[PDB]
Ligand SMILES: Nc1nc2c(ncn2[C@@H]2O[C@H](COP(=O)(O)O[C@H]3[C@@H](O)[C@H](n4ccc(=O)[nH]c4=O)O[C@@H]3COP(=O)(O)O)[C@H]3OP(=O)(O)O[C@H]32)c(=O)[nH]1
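The chain below stands alone and is given in structure tokens; this is the form solved without this ligand.
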């Protein structure tokens, strides 16, 4: 039949049963017997048993993370022992008190993150001689009630294929002895280890990663309960502790209260590539550090948040030895805290051939001598967000704890070239010299600078090749029709969240500049509360392909007593994508609709208040593939869609008030592959109501009398029409056979 309650789907070619997040109270045994990998995460399962998977042994991989989704998960001894194929077991966030007993010797990956396991035992682990990755992090941390972690002596010795061990966010006090030398990655972050001896990593010649962050933490202003070493002292790492760590590429010493870095740590580390020294006390070492001479293959240096409490120095003080970091590509210096960036201050960085990212986020910087960036060899990313420049469980266990890892710049903007991010500063107006002597900036972010100026056509004269311009969340005054026109190569413009002046009827508003661009493809005017323009009422462009106009007031613009804005988007001759969501539309006048550009392939009018839609108007849009009408108040479909379109591929109608499907609504429009009727008021689906590929029906108040059998037997026949979330296609009616999926009835 149609698989249930999981959604099968095949890949490499494995056969995954996505079965997560479904209010499942037990491993379903209708799981069906072809599945390898299954995912039962985020369900209400509270027991596991040798029964649970008793007829399923092609399973390479099981994910039971986050069960039950609030007791704990109760897993009996040997439960999994019969799965001889089982390579990957994920058991995160299950409130386990122990490593389950009698796990299969086949396991290569075992995750036990975010439980209550305080004992690491031979009996739990030592039989798992095929383990490559073992995750035991986040069992005892912060102000959780938990025990010190007891690691049986030698427990890791038999694991001679162990490559990744993670024990972070456990109370360990010492690095465990008897680590197998197969290890490539060892994570010991936040484990309350004060001291690293010579002996602790002696044998680990294969190690490429070592993480000792958060041992002797810097606790000032911590966003979590933080226990420093006595007197807030430094971690203590024996001079010889890394002497055989010859293969190390990654070394994380964040928040280890370091004031000094022992250059000898790096003697026998010729491959070190990433060094993380955030949240320490290294302003001295940054000015004067001899370790900078030991790292000719380093590519990423993170020295963020090394500020001294009570100091806002004039300038940043970079050692001349920075010039020896020949391989350096990214330098992170957020939160050093200083007032002013001078050209001379960064001289030591200027001849590094590969330095493409400089990160100065969050430094309370007031002035920058911008011309210094030109004198670098090869800067691609100049990141100055969140400064003071002016004119002119809460933590994800699978992510970096000490900073976000999202790119500094959106890839869509960075793709165009050199990027300068000055977002979240106080450049509240751009004077004639603001951008003098910058490199050829292609991507510029001026978001959240509370800019209130009248852009006039001259402000970006010195960086006239910007291709992607972010001016979101300012308060721009559009009084001048020449605004931004000096940017001939402009392709993407984001003017979102500039409501300030748009809201005021009494002031002028001029959007004429849009037409002057010959290369403009994407324009976002969202959340601007646009409701009146001055003189020219129409948006015009031969180029534009995408216009986002959500969060404006087309309800006023297209008011019944006003003809002025009736052709507002018609002049966008190239438009394929239009977004009119969140415009408080109760209806669209037929004439306004008919003046939407005939080029559209994609139209969103979701999250308005439409009670009626004139389906017949779709005749004037022969290219239209996607029509999105979700989150309105629509009552009525049409029985003759196929007269009105032969292009429509996707029709999205969730969150409306549709109670009937018309006979032959659907069956005639053979372009239509995806129909979404979820969260409507449908009691039933008549026989009459097949080129359809996906049909969504969840959250409709179905009647489960015998007149639903029409539908069921259809479902049975068209097994290649994906119906998602069958678990949420539920009977509201009658008393029985109620509450249960329509798919389980006689």
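Numbering follows the first chain given and starts at 1.
One more form of this protein, deposited with this ligand bound, exists but is not displayed; see below.
*Asks:* Mind telling me which stretch in 658-666, 396-404, 560-568, 645-653 gets its heavy atoms within 4.5 Å of this ligand in the entry with it bound?
*Replies:* Every other range fails; the passing one is 396-404.
*Asks:* Tell me, which of 139, 359, 498, 606 has a heavy atom within 4.5 angstroms of this ligand in the entry with it bound?
*Replies:* Only one listed residue qualifies here, and that residue is 359.
*Asks:* Exactly one residue in 639, 299, 238, 628 has a non-hydrogen atom within 4.5 Å of this ligand in the entry with it bound; which is it?
*Replies:* By the 4.5 Å heavy-atom cutoff, the listed residue in contact is 299.
*Asks:* Considering only heavy atoms, tell me if residue 537 and this ligand come within 4.5 Å of each other in the entry with it bound.
*Replies:* Answer no; every heavy atom of residue 537 is more than 4.5 Å from this ligand in the entry with it bound.
*Asks:* Examine residue 195 and determine whether its closest non-hydrogen atom to this ligand in the entry with it bound is within 4.5 angstroms.
*Replies:* Heavy-atom contact with this ligand at 4.5 Å: absent for residue 195.
*Asks:* Are any of the heavy atoms in residue 304 no more than 4.5 Å from a heavy atom of this ligand in the entry with it bound?
*Replies:* Flag for residue 304 set to yes.
*Asks:* Does the 4.5 Å heavy atom contact test between residue 87 and this ligand in the entry with it bound come out positive?
*Replies:* No.
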